[PDB]
Amino acid sequence: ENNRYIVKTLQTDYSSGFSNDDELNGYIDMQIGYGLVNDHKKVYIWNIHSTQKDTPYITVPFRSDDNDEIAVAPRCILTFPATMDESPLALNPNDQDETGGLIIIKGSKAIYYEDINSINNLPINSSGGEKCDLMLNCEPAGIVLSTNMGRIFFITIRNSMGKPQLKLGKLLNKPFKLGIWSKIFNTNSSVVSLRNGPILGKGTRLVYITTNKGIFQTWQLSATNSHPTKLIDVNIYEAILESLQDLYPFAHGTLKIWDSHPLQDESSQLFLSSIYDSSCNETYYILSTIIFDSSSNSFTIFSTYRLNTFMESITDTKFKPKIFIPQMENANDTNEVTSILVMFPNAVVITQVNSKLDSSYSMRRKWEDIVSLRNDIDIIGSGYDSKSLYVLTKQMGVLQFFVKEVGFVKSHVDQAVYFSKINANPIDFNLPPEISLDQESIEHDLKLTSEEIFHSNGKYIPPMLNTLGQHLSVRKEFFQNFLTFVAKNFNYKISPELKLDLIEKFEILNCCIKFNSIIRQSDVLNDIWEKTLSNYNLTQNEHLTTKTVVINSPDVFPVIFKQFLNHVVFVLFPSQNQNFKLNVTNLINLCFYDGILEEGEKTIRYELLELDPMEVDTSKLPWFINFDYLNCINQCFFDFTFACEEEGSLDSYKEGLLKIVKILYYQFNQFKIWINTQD
Amino acid sequence: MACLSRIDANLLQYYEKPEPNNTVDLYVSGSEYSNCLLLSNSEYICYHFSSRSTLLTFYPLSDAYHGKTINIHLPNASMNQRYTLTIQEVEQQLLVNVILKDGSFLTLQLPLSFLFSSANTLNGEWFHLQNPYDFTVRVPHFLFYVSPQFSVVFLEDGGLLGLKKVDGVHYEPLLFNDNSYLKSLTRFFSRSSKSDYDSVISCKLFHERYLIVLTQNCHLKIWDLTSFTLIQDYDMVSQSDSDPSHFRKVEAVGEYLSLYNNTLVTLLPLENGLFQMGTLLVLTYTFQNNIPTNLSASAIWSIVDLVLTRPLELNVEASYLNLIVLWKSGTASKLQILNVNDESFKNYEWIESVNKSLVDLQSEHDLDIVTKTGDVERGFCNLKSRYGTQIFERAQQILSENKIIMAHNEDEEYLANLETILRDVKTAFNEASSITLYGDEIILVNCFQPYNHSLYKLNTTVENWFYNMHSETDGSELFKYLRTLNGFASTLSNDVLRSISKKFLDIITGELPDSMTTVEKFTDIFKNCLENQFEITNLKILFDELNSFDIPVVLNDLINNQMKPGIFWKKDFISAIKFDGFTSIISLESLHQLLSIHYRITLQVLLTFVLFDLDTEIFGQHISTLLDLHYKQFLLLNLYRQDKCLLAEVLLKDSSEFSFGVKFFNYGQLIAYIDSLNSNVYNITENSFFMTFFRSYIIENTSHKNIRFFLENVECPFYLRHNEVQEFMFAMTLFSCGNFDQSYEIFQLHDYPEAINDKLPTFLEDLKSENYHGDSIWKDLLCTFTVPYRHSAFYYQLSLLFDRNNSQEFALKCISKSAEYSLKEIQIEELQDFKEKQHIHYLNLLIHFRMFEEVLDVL
């Protein structure tokens, strides 16, 4: 079900730095959004706009070594003096408030840009080779030089006309020596491996760090006095651990080899815990949303643990779990600003949930497995632009995806799956939660869905008379499409004592119905006494009215259909009412012929290996052995052969040659056997 | 809210040299600061003091390009910087008091007749060295001229010291016993650090007696110089909303005090967010409120001046004072104006400055749709003038006119500077340093670099719009009209709107003929260029958005009060002598800011009667005037970028009221002066022509010096009298350049009922006078062919001149005209100058081609 989701296209960017469009990481900061795809000449950083080519438009290259020394997308930044939002209004004046920097991976040489557009004028800065991992901005106009030894050498820029000063900040050899935790990123982005929240969450001039094991420190830097001031170093690895286990059960040897890896910090209000035991090949997750109540950056019990019903199944290419949310300030609802959670391995957009123990529910938009695969999806990096979701998609430019069991198989199969199969194209988010409500095994979720979703093309079009007339044709392609949905995702083959191939045999006995309902001669009056026995009615001109009851059910109704053919009497021997009988012949006699050409193209060994096991069961009139009904197609045999000694040798050759056409589909129970030698 | 905006300046765009006119190292034996001097001659020395502290440029502010430009090189540097630099005139000669660093004091004398006119005439000694008191081991950081009898020096070691002159040249100490050796250590002061004195960082006078220095830790120490004793000690860590537990103490000499009335202001950094305005009265120091400023750029603004002045013509004309709070932070600067509207400094009307250029607002809202700019082989005329020659010739050659230096490429100094100099459009020589009040009240921010200013100007309430439009609430219901018409125009690309603007040129030319209703024209526009280039939601949105504003009354307001001036006129313009760069920028840039805004206003309104057939003959006044205005607009958007050398001069030229420079002292003057030249461009909407006046003269001047954007100011419909006189001067356009087959044709194409009666005012520039054509070449030469003729007296005038500047074929071919197409051929001797002389001149140009006939029965 599509809830509040807005999923279509945004645009496709200016290209000289979107020249490259390989899937990687992208440097996003909550300001108004900036977008990146790294390039190996330059780090072309753009600001996204819907005048799409250059008019408002920032695409500024920033330096990167064209050497074996190089940069990566999170290693070029946009430096804010006082992290805090004022980077707009430099978009054409080119002020100092959105500089940037790169200290080289093995070379450790700064190229420190003194403005956004003035780059000709660079300063060099040092801690020596291998003191690197990625760059972030801090508050003195400084830059975070993160090291993956867990260190951050705090490089205090003088804020006047830029110019860094080399010094060694907090952390020195302290986490160099730790190898008993991992500080080493398997998830990257300067929103992922680190976060400096500008106003996002409890962040606001607070440099954070969370390592791949949950080793969480916080600094604050006082721009005036130029100093890293540590405020915590606590492991949120002890915070979470115990109630990871008290949800999804891990057995003795499952614990023994099991890892939790905090894969994310969203300004220290979110921590993506990867519960994974190395024997399976599925990354399960718990969304440990840690909100602090009262005093912040320390242990709370509003540390709270949302057991996913989302399963990821690993792919070791296109791996990079990342979560970018525009409005992760929320511990209490909104549902008209974007604040939905997104996971992605890089090919999909997984609309997941949050704040469901932060408050009492929050009515968030559907959880579980959710895909997107609409045309050529692959994610360079999600983000947020103008406080709404951004997804920088590879070969479609930017795509917007921003958002502003029992019973779904029993009677909300007729609402909610009615909805997830009557569209699936414009937004495709609706097929996994609904069709894996179907697909997951209970004995009455696979026996009776394959009957009751085949009555949801019994409800196709909400009017029940549009769809029984001239959109009964359009209702015919939606019988067929509906059971396309069945076949690709495994609900057929699990069956009650009633045959499950009733759904198939009725779209043989549809082609008589459809012929009458478009082509109108006087064989539209056939469906009279058919209907007006079964239910007593409106009782009017129509008895093309209330065919939505006759739809999805070839049991007793073919019997009663034939009775108005037997109502065409009074004296018919000198030929006259035989014109009527020609007209009857010409359309529906090809449609009882069909079920040799309509049960050639499909059902050959879905109706010998489940038809003949179901033939064994009969009571007589119940539909089984009847396959176009014993003792009603024999009196229609005798209707055409009795027509031909009520007429000549010409109308009589027509009605006759098309009687002995149709002598084989009162055979076609065991005459599917043709290609083969088999209460 | 906000009215004043930047206009950036480089005065080397009006000329082709990248450098100042002249510079003369006149030896005494530049970027950092520039404050002018108040002089009684109303033309002010713009004293740019460098960072190097030993070069100091003296040149006229207006009269800038001409005059005389002198840099003195001091034999040693000044004792700190510009804080030991005090200039005023004491004898009609500028007395430049300096503490020389090594030990002594200096006094220079510079006349107002060798700075303000060309060449030197000052000679002998004019530099006087004297050591009144030992400054070798006593170090001051601040000189304070109080009187012409007292420029008292404030030591960091010792006390406060009076330094009284006794003849203007030589000084005598009159020591004060005010504190700066009884304090500077006490209990929040430190003499072991450059920080934290009770000695000065900024002193102002209060009434020729009381003397209120602000200190490093912001103490207004109030002294009384008839008794040398303390009056009241204040400390703004408790006269503030600022505690000393988050106070940035000032740790450098700097400006923070300003006055023009009572209003004594002290700003306090605390991470540069809470401004403070206090008040002083004859002491008793009142405190009112702290003003959160609107700032940007992480609040890394640093303050270099603050003055205030009496109320000004804005959108408002009333206030109390305009605190002129001047910020800067690298390549960019901003004048935010904390215009308090009273003694309550919590009430205000903020006035933002755009930090970028006039033409950097047009690449960030787009109006470069009317660029007609060259490349890099016509870059030597057009990129020369779009940046200045100054930026254009250089690319990393400039290393201290924008204060961005280089080191090497393993540094981020080379790369940075390389980028910054070619991004410089006119911005980043405008590194705003100080303010002075030119005339009476002209807010004249003089920046770091000589020959560049930030020109604040009335800009006017109608010269904001488009470029500011979601930050202002100035203008009326008309403001809101044009803002809802950006709900169409701006949603679309403007290059779509460029072609719709093209179809409006075509209405005037007549490819779309004028003899129809403008309903019918506009539906033919609706076939072309606005045919699924509406959005259907932009359609329906513009529709209801029109109807909610009452259309004829909001057009009525617009077209008759803004983009048509009335007659504006000389209201006492005193003028500068000589065409110079600084008065050329007044007459071109503020003008264009009014013209190209009216182009996007005309674009914007004539998009909204494309899409409807509600009558445009009820709008029949308004819509015609907007198209007549469009085509005269369009002339001056194809020549602004091309030349800033040319066009300033031509709107100087058009009245002797504007002479060739204007010195405006207020805004009664300047509202009128820009609304003169607007009315001249828009010749009302025809009160004469200035594709006749402006043009003919400058065709004979500078299309002989070969400007060829005069095919982009040709543009006339050529209906009415155009098809007589504009045919004449578009012929003469290529006669000036010597492309000669066009001259042959489009001269002879129109007939001439012209005789001596005059409707061509043409002045052949001789380069010493006007050879007055159309009258006093007509009454000469067409009268010595004896009775003017309707063809061929003119076609001697073509022919003769055409040989004279070489073109024997096209000449021959217009006298092979005038031989045969003699109108009098009865062979009588008073019309045998019209068939004599024109038959002799015919035969002259046939014997250098050596012919075959044409000497048949004409020999």
# chains A, B, ... in the order shown; residues from 1 in each chain; ligands from 1
>>> residues_around(residues="residue 631 in chain B", least_positions_apart="2", cutoff="12 Å", atoms="only C-alpha atoms", output="PDB file with N, CA, C and O atoms, in the first residue's frame")
ATOM      1  N   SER B 501      10.445  38.172 -26.085  1.00  0.00           N
ATOM      2  CA  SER B 501      10.963  39.492 -26.135  1.00  0.00           C
ATOM      3  C   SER B 501      11.393  39.846 -27.525  1.00  0.00           C
ATOM      4  O   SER B 501      11.137  40.980 -27.939  1.00  0.00           O
ATOM      5  N   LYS B 502      12.008  38.878 -28.310  1.00  0.00           N
ATOM      6  CA  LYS B 502      12.279  39.008 -29.775  1.00  0.00           C
ATOM      7  C   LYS B 502      11.015  39.306 -30.546  1.00  0.00           C
ATOM      8  O   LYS B 502      11.006  40.211 -31.430  1.00  0.00           O
ATOM      9  N   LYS B 503       9.881  38.587 -30.253  1.00  0.00           N
ATOM     10  CA  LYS B 503       8.665  38.880 -31.042  1.00  0.00           C
ATOM     11  C   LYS B 503       8.073  40.244 -30.805  1.00  0.00           C
ATOM     12  O   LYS B 503       7.371  40.775 -31.664  1.00  0.00           O
ATOM     13  N   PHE B 504       8.483  40.889 -29.656  1.00  0.00           N
ATOM     14  CA  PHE B 504       8.195  42.273 -29.396  1.00  0.00           C
ATOM     15  C   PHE B 504       9.064  43.350 -30.084  1.00  0.00           C
ATOM     16  O   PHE B 504       8.624  44.501 -30.342  1.00  0.00           O
ATOM     17  N   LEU B 505      10.348  43.026 -30.335  1.00  0.00           N
ATOM     18  CA  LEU B 505      11.114  43.793 -31.324  1.00  0.00           C
ATOM     19  C   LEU B 505      10.308  43.770 -32.667  1.00  0.00           C
ATOM     20  O   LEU B 505      10.280  44.811 -33.352  1.00  0.00           O
ATOM     21  N   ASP B 506       9.852  42.521 -33.026  1.00  0.00           N
ATOM     22  CA  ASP B 506       9.211  42.374 -34.334  1.00  0.00           C
ATOM     23  C   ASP B 506       7.946  43.179 -34.470  1.00  0.00           C
ATOM     24  O   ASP B 506       7.488  43.433 -35.595  1.00  0.00           O
ATOM     25  N   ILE B 507       7.173  43.459 -33.377  1.00  0.00           N
ATOM     26  CA  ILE B 507       5.957  44.309 -33.406  1.00  0.00           C
ATOM     27  C   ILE B 507       6.411  45.685 -33.933  1.00  0.00           C
ATOM     28  O   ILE B 507       5.719  46.178 -34.837  1.00  0.00           O
ATOM     29  N   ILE B 508       7.510  46.261 -33.439  1.00  0.00           N
ATOM     30  CA  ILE B 508       7.983  47.645 -33.787  1.00  0.00           C
ATOM     31  C   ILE B 508       8.477  47.690 -35.223  1.00  0.00           C
ATOM     32  O   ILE B 508       8.099  48.579 -36.000  1.00  0.00           O
ATOM     33  N   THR B 509       9.226  46.588 -35.646  1.00  0.00           N
ATOM     34  CA  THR B 509       9.819  46.486 -37.032  1.00  0.00           C
ATOM     35  C   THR B 509       8.860  46.229 -38.020  1.00  0.00           C
ATOM     36  O   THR B 509       8.986  46.855 -39.069  1.00  0.00           O
ATOM     37  N   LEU B 595      17.294  50.426 -16.248  1.00  0.00           N
ATOM     38  CA  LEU B 595      16.844  50.183 -17.598  1.00  0.00           C
ATOM     39  C   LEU B 595      16.541  48.732 -17.841  1.00  0.00           C
ATOM     40  O   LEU B 595      15.535  48.431 -18.453  1.00  0.00           O
ATOM     41  N   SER B 596      17.471  47.781 -17.440  1.00  0.00           N
ATOM     42  CA  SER B 596      17.388  46.380 -17.526  1.00  0.00           C
ATOM     43  C   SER B 596      16.379  45.760 -16.512  1.00  0.00           C
ATOM     44  O   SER B 596      15.848  44.690 -16.770  1.00  0.00           O
ATOM     45  N   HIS B 598      13.577  47.541 -16.034  1.00  0.00           N
ATOM     46  CA  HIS B 598      12.402  47.843 -16.842  1.00  0.00           C
ATOM     47  C   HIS B 598      12.224  47.011 -18.074  1.00  0.00           C
ATOM     48  O   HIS B 598      11.126  46.954 -18.605  1.00  0.00           O
ATOM     49  N   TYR B 599      13.271  46.292 -18.454  1.00  0.00           N
ATOM     50  CA  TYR B 599      13.210  45.332 -19.491  1.00  0.00           C
ATOM     51  C   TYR B 599      12.565  44.069 -19.016  1.00  0.00           C
ATOM     52  O   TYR B 599      11.765  43.503 -19.815  1.00  0.00           O
ATOM     53  N   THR B 602       8.841  44.920 -18.427  1.00  0.00           N
ATOM     54  CA  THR B 602       8.155  44.886 -19.741  1.00  0.00           C
ATOM     55  C   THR B 602       7.910  43.511 -20.282  1.00  0.00           C
ATOM     56  O   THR B 602       6.823  43.275 -20.647  1.00  0.00           O
ATOM     57  N   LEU B 603       8.878  42.618 -20.195  1.00  0.00           N
ATOM     58  CA  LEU B 603       8.906  41.163 -20.442  1.00  0.00           C
ATOM     59  C   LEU B 603       7.775  40.622 -19.581  1.00  0.00           C
ATOM     60  O   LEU B 603       6.838  39.969 -20.076  1.00  0.00           O
ATOM     61  N   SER B 624       0.991  49.771 -25.411  1.00  0.00           N
ATOM     62  CA  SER B 624       1.781  50.427 -26.479  1.00  0.00           C
ATOM     63  C   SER B 624       3.022  51.101 -25.947  1.00  0.00           C
ATOM     64  O   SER B 624       4.079  51.064 -26.506  1.00  0.00           O
ATOM     65  N   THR B 625       2.849  51.857 -24.827  1.00  0.00           N
ATOM     66  CA  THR B 625       3.919  52.529 -24.123  1.00  0.00           C
ATOM     67  C   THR B 625       4.987  51.538 -23.709  1.00  0.00           C
ATOM     68  O   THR B 625       6.163  51.943 -23.801  1.00  0.00           O
ATOM     69  N   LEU B 626       4.659  50.306 -23.236  1.00  0.00           N
ATOM     70  CA  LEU B 626       5.570  49.240 -22.800  1.00  0.00           C
ATOM     71  C   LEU B 626       6.344  48.623 -23.978  1.00  0.00           C
ATOM     72  O   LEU B 626       7.518  48.288 -23.838  1.00  0.00           O
ATOM     73  N   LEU B 627       5.769  48.637 -25.152  1.00  0.00           N
ATOM     74  CA  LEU B 627       6.526  48.154 -26.324  1.00  0.00           C
ATOM     75  C   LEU B 627       7.460  49.203 -26.934  1.00  0.00           C
ATOM     76  O   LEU B 627       8.493  48.888 -27.571  1.00  0.00           O
ATOM     77  N   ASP B 628       7.010  50.490 -26.778  1.00  0.00           N
ATOM     78  CA  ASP B 628       7.814  51.637 -27.256  1.00  0.00           C
ATOM     79  C   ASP B 628       9.041  51.869 -26.379  1.00  0.00           C
ATOM     80  O   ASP B 628      10.101  52.111 -26.918  1.00  0.00           O
ATOM     81  N   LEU B 629       8.823  51.684 -25.069  1.00  0.00           N
ATOM     82  CA  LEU B 629       9.857  51.578 -24.029  1.00  0.00           C
ATOM     83  C   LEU B 629      10.769  50.379 -24.252  1.00  0.00           C
ATOM     84  O   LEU B 629      11.922  50.502 -23.813  1.00  0.00           O
ATOM     85  N   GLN B 633      14.905  50.469 -24.528  1.00  0.00           N
ATOM     86  CA  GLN B 633      15.554  49.524 -23.699  1.00  0.00           C
ATOM     87  C   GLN B 633      16.611  48.659 -24.351  1.00  0.00           C
ATOM     88  O   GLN B 633      17.739  48.599 -23.923  1.00  0.00           O
ATOM     89  N   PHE B 634      16.149  47.932 -25.395  1.00  0.00           N
ATOM     90  CA  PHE B 634      16.904  46.908 -26.113  1.00  0.00           C
ATOM     91  C   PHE B 634      18.183  47.390 -26.765  1.00  0.00           C
ATOM     92  O   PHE B 634      19.122  46.722 -26.988  1.00  0.00           O
ATOM     93  N   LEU B 635      18.215  48.702 -27.100  1.00  0.00           N
ATOM     94  CA  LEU B 635      19.397  49.401 -27.622  1.00  0.00           C
ATOM     95  C   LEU B 635      20.553  49.384 -26.673  1.00  0.00           C
ATOM     96  O   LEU B 635      21.708  49.372 -27.091  1.00  0.00           O
ATOM     97  N   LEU B 636      20.263  49.631 -25.383  1.00  0.00           N
ATOM     98  CA  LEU B 636      21.204  49.887 -24.347  1.00  0.00           C
ATOM     99  C   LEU B 636      21.561  48.756 -23.478  1.00  0.00           C
ATOM    100  O   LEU B 636      22.325  48.892 -22.541  1.00  0.00           O
ATOM    101  N   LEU B 637      21.233  47.528 -23.884  1.00  0.00           N
ATOM    102  CA  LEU B 637      21.525  46.320 -23.217  1.00  0.00           C
ATOM    103  C   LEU B 637      22.475  45.594 -24.191  1.00  0.00           C
ATOM    104  O   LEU B 637      23.132  44.620 -23.823  1.00  0.00           O
ATOM    105  N   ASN B 638      22.683  46.110 -25.412  1.00  0.00           N
ATOM    106  CA  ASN B 638      23.542  45.470 -26.329  1.00  0.00           C
ATOM    107  C   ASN B 638      24.852  46.269 -26.463  1.00  0.00           C
ATOM    108  O   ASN B 638      25.467  46.236 -27.481  1.00  0.00           O
ATOM    109  N   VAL B 681      17.111  58.257 -22.684  1.00  0.00           N
ATOM    110  CA  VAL B 681      17.131  56.939 -23.264  1.00  0.00           C
ATOM    111  C   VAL B 681      15.778  56.690 -24.005  1.00  0.00           C
ATOM    112  O   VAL B 681      15.712  56.157 -25.104  1.00  0.00           O
ATOM    113  N   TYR B 682      14.659  57.044 -23.245  1.00  0.00           N
ATOM    114  CA  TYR B 682      13.247  56.807 -23.567  1.00  0.00           C
ATOM    115  C   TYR B 682      12.772  57.954 -24.412  1.00  0.00           C
ATOM    116  O   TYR B 682      11.594  57.969 -24.702  1.00  0.00           O
ATOM    117  N   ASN B 683      13.629  58.769 -24.975  1.00  0.00           N
ATOM    118  CA  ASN B 683      13.329  59.536 -26.137  1.00  0.00           C
ATOM    119  C   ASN B 683      13.983  58.915 -27.295  1.00  0.00           C
ATOM    120  O   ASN B 683      15.085  58.348 -27.204  1.00  0.00           O
ATOM    121  N   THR B 685       8.512  59.001 -23.989  1.00  0.00           N
ATOM    122  CA  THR B 685       8.316  57.841 -24.833  1.00  0.00           C
ATOM    123  C   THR B 685       8.148  58.610 -26.078  1.00  0.00           C
ATOM    124  O   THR B 685       7.003  58.658 -26.612  1.00  0.00           O
ATOM    125  N   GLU B 686       9.256  59.207 -26.607  1.00  0.00           N
ATOM    126  CA  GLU B 686       9.386  59.986 -27.690  1.00  0.00           C
ATOM    127  C   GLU B 686       9.092  61.453 -27.295  1.00  0.00           C
ATOM    128  O   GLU B 686       7.944  61.841 -27.122  1.00  0.00           O
ATOM    129  N   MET B 691      18.096  58.127 -31.149  1.00  0.00           N
ATOM    130  CA  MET B 691      18.866  57.438 -32.159  1.00  0.00           C
ATOM    131  C   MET B 691      19.129  58.406 -33.312  1.00  0.00           C
ATOM    132  O   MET B 691      19.390  57.892 -34.433  1.00  0.00           O
ATOM    133  N   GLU B 712      23.942  47.320 -33.551  1.00  0.00           N
ATOM    134  CA  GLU B 712      23.063  46.821 -32.465  1.00  0.00           C
ATOM    135  C   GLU B 712      22.499  48.064 -31.773  1.00  0.00           C
ATOM    136  O   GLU B 712      21.805  48.014 -30.740  1.00  0.00           O
ATOM    137  N   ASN B 713      22.605  49.212 -32.424  1.00  0.00           N
ATOM    138  CA  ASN B 713      22.036  50.455 -31.988  1.00  0.00           C
ATOM    139  C   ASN B 713      21.626  51.278 -33.159  1.00  0.00           C
ATOM    140  O   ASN B 713      21.269  52.449 -33.081  1.00  0.00           O
ATOM    141  N   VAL B 714      21.668  50.609 -34.328  1.00  0.00           N
ATOM    142  CA  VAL B 714      21.027  51.002 -35.564  1.00  0.00           C
ATOM    143  C   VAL B 714      19.579  51.080 -35.311  1.00  0.00           C
ATOM    144  O   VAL B 714      19.024  52.126 -35.542  1.00  0.00           O
ATOM    145  N   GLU B 715      19.071  50.077 -34.556  1.00  0.00           N
ATOM    146  CA  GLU B 715      17.798  49.522 -34.569  1.00  0.00           C
ATOM    147  C   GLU B 715      16.690  50.523 -34.370  1.00  0.00           C
ATOM    148  O   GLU B 715      16.548  51.154 -33.317  1.00  0.00           O
ATOM    149  N   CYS B 716      15.930  50.697 -35.474  1.00  0.00           N
ATOM    150  CA  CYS B 716      14.786  51.547 -35.661  1.00  0.00           C
ATOM    151  C   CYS B 716      13.897  50.748 -36.439  1.00  0.00           C
ATOM    152  O   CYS B 716      14.344  49.756 -37.045  1.00  0.00           O
ATOM    153  N   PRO B 717      12.610  50.978 -36.499  1.00  0.00           N
ATOM    154  CA  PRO B 717      11.610  50.236 -37.330  1.00  0.00           C
ATOM    155  C   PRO B 717      11.865  50.614 -38.826  1.00  0.00           C
ATOM    156  O   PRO B 717      11.799  49.785 -39.740  1.00  0.00           O
TER     157      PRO B 717
END
>>> closest_atom_pairs(of="chain A", to="chain B", cutoff="9 Å", atoms="only C-alpha atoms", output="CSV")
residue,atom,partner,partner_atom,distance
A:50,CA,B:491,CA,8.6
A:51,CA,B:493,CA,7.1
A:54,CA,B:363,CA,8.8
A:55,CA,B:364,CA,6.0
A:56,CA,B:364,CA,5.0
A:57,CA,B:364,CA,7.6
A:63,CA,B:415,CA,8.2
A:80,CA,B:298,CA,6.7
A:81,CA,B:298,CA,5.0
A:82,CA,B:298,CA,5.7
A:83,CA,B:298,CA,7.9
A:84,CA,B:298,CA,7.5
A:85,CA,B:298,CA,8.0
A:86,CA,B:296,CA,5.8
A:87,CA,B:297,CA,6.8
A:88,CA,B:296,CA,8.7
A:89,CA,B:296,CA,7.8
A:90,CA,B:297,CA,8.2
A:91,CA,B:364,CA,7.9
A:92,CA,B:364,CA,6.1
A:93,CA,B:356,CA,4.4
A:94,CA,B:332,CA,7.1
A:95,CA,B:332,CA,5.3
A:96,CA,B:297,CA,5.7
A:97,CA,B:297,CA,4.1
A:98,CA,B:297,CA,7.7
A:101,CA,B:412,CA,8.8
A:109,CA,B:410,CA,6.3
A:110,CA,B:411,CA,6.4
A:111,CA,B:412,CA,4.1
A:112,CA,B:412,CA,4.7
A:113,CA,B:416,CA,5.8
A:114,CA,B:416,CA,6.1
A:115,CA,B:416,CA,7.3
A:117,CA,B:420,CA,6.2
A:118,CA,B:420,CA,3.5
A:119,CA,B:416,CA,2.5
A:120,CA,B:416,CA,2.8
A:121,CA,B:417,CA,2.5
A:122,CA,B:412,CA,1.1
A:123,CA,B:411,CA,3.5
A:124,CA,B:411,CA,4.0
A:125,CA,B:411,CA,7.9
A:141,CA,B:298,CA,8.6
A:159,CA,B:300,CA,6.8
A:160,CA,B:300,CA,6.8
A:161,CA,B:330,CA,5.3
A:162,CA,B:330,CA,8.7
A:163,CA,B:412,CA,8.5
A:223,CA,B:271,CA,8.2
A:224,CA,B:271,CA,7.3
>>> residues_around(residues="range 835-841 of chain B", least_positions_apart="5", cutoff="9 Å", atoms="only C-alpha atoms", output="PyMOL selection string")
chain B and resi 785+792-793+796+799-800+812+815-816+818-820+822-825+827+829
>>> closest_residue(among="A:479, A:285, A:153, A:34", to="residue 312 in chain A", atoms="only C-alpha atoms")
A:285
>>> select_by_dssp(residues="range 91-198 of chain B", states="strand (DSSP E)", output="VMD selection string")
chain B and resid 94 to 99 105 to 108 127 to 130 140 to 147 150 to 155 160 to 165 171 to 175
>>> residues_around(residues="range 18-23 of chain B", least_positions_apart="2", cutoff="9 Å", atoms="only C-alpha atoms", output="PyMOL selection string")
chain B and resi 11-13+15-16+25+65-66+68-71+388-394+450-451
>>> closest_residue(among="A:453, A:392, A:180, A:632", to="residue 410 in chain A", atoms="only C-alpha atoms")
A:453
>>> residues_around(residues="range 334-339 of chain A", least_positions_apart="5", cutoff="9 Å", atoms="only C-alpha atoms", output="NGL selection string")
:A and (4 or 325-329 or 354 or 362-365 or 387-389 or 402-404)
>>> residues_around(residues="residue 550 in chain A", least_positions_apart="5", cutoff="9 Å", atoms="only C-alpha atoms", output="ChimeraX atom specification")
/A:531,534,557
>>> write_last_selection(atoms="N, CA, C and O atoms", output="mmCIF file, in the first residue's frame")
data_model
loop_
_atom_site.group_PDB
_atom_site.id
_atom_site.type_symbol
_atom_site.label_atom_id
_atom_site.label_comp_id
_atom_site.auth_asym_id
_atom_site.auth_seq_id
_atom_site.Cartn_x
_atom_site.Cartn_y
_atom_site.Cartn_z
ATOM 1 N N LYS A 531 -29.285 -15.257 -15.136
ATOM 2 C CA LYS A 531 -28.988 -14.442 -14.018
ATOM 3 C C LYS A 531 -30.160 -14.384 -13.084
ATOM 4 O O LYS A 531 -30.114 -14.501 -11.829
ATOM 5 N N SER A 534 -30.642 -17.192 -10.525
ATOM 6 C CA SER A 534 -29.664 -17.302 -9.456
ATOM 7 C C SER A 534 -29.834 -16.354 -8.255
ATOM 8 O O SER A 534 -29.744 -16.785 -7.117
ATOM 9 N N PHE A 557 -23.776 -21.787 -13.062
ATOM 10 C CA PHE A 557 -24.204 -20.730 -13.942
ATOM 11 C C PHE A 557 -24.219 -21.049 -15.453
ATOM 12 O O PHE A 557 -25.044 -20.522 -16.171
#
>>> residues_around(residues="range 288-292 of chain B", least_positions_apart="5", cutoff="8 Å", atoms="only C-alpha atoms", output="ChimeraX atom specification")
/B:240-241,273-278,344-346
>>> atom_distance(atom1="CA of residue 25 in chain A", atom2="CA of residue 379 in chain A")
8.8 Å
>>> atom_distance(atom1="CA of residue 10 in chain B", atom2="CA of residue 574 in chain B")
23.4 Å
>>> select_by_dssp(residues="range 483-546 of chain A", states="helix (DSSP H, G or I)", output="count of residues only")
26
